[PDB]
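The chain below stands alone and is given in structure tokens; this is the form deposited in one PDB entry.
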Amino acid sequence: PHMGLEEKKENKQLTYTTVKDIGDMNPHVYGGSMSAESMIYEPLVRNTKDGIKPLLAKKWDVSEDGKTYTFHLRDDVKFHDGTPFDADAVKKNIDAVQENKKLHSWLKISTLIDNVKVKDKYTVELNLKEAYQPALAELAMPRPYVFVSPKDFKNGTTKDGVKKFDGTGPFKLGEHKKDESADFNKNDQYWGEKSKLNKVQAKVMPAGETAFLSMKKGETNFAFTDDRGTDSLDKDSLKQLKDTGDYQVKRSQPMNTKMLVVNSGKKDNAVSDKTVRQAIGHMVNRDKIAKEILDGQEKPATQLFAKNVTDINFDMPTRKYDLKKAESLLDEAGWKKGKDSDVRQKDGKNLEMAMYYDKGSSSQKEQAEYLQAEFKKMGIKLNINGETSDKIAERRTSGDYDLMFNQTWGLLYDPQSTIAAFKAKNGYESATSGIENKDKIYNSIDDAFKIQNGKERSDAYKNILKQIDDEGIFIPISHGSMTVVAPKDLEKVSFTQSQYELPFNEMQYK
């Protein structure tokens, strides 16, 4: 371990282990690694524990009617190709985003942006259809309203890709070898807090033994939970790495709910039947999962968004583990047992379903194997399939799945953006599409977001989530945190409100 660690400390470098590549680094679409994109691209403002703060915009005014935001931009910023950041760059970026506004409909501000006007070189005006108090908060998201050099647009937009990946941030993208590595090099010209690290490299490899050995030999010296929730090192690997004396391990506050998604819209499978979904709701021993399978590292989750989360001020416990209840519900549904078979049948077909998990996640894999044994006791043939997180996301979008592991979006998004995503193609619309009352639930979601009083908004969320919970679309399991393994002599590793970034430009000493 020491040899590789010492070289990297000398070079002021981190090389992090990850199971997936950085993907499409165009931050106006959603495929690219979120933490990589937060290292190189920046929004107008930042959303912190202490609310909205200046970033590329120094200051802003809102009009009396709430419909015009004027942003007074820093005048000392360049993109990484040396081109200038100014009001025209802001306008061309926001306008490029708005050409693809169907992709961004999960974020309400995209449905309100009317136009953008350059008032002068460092002042830009954003006009909305109506007042919208969360505007600043949404403009603070790491996608899509962050700024790419206009020299990198293709055919006058970003909608079909970008030529290179120039932003304003503390790192710039260097060499990328597809499915192997990507370099984030110190931006020596950065307008703000300059990086104390010269290089962060993302090194792509499988999890399990190979990530562990890589970390143990100091070929990699850093790990963190990726944007899909996967930790490359299990609990025994973290223990052994700490036991070397060379690594430290840090863990954030609880940030999310990890859940099973049940596809109501999958017409060709039993999960499209509500009664079967309810049965499945009783087949998930979340207390045992959290205590025995996740080794007590995560608390069990009995609802989608914990009572402590913004605008959720209620306790609404979900279906409990109860295999007898499961069995009578399957019987009610016509899936009958016995007759010399383990598998339940209805009209002479066996009850089969396919569950999908991230093969890079040992904890997802272990839960999936447990649930396969449990489903077997109930007379379900569960076929489990470990896939890339990329391929899991594609199924979430298309609807090609019966059940999948997933997780909510964390402190900046839960509950409001995650609930919006219940009817978004690139969110969980697949899973909610088969609910009988979906028109009204969807309209309730639209309406909840108009309610200004926080207590009433909270009530509107409760009525939505009660009906989502009755449908058995989401089975909460545990609360996830972010975990970071880093060299023991690396100082200043800390967490933001997000599960999708780290302050790489503040970390130092190695």
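Residue numbers here begin at 1 and follow the sequence given.
Note that the form deposited in another entry isn't included here; everything after this is about it.
Between the rigid parts that turn between this form and the one not shown, the hinge residue, out of 189, 123, 320, 254, is 254.
Relative to this conformation, an increase of 3 Å or more in the Cα-Cα distance between residue 395 and residue 157 is found in the other entry. Compared with the form shown here, the C-alpha atoms of residue 308 and residue 225 sit at least 3 Å closer together in the other entry.
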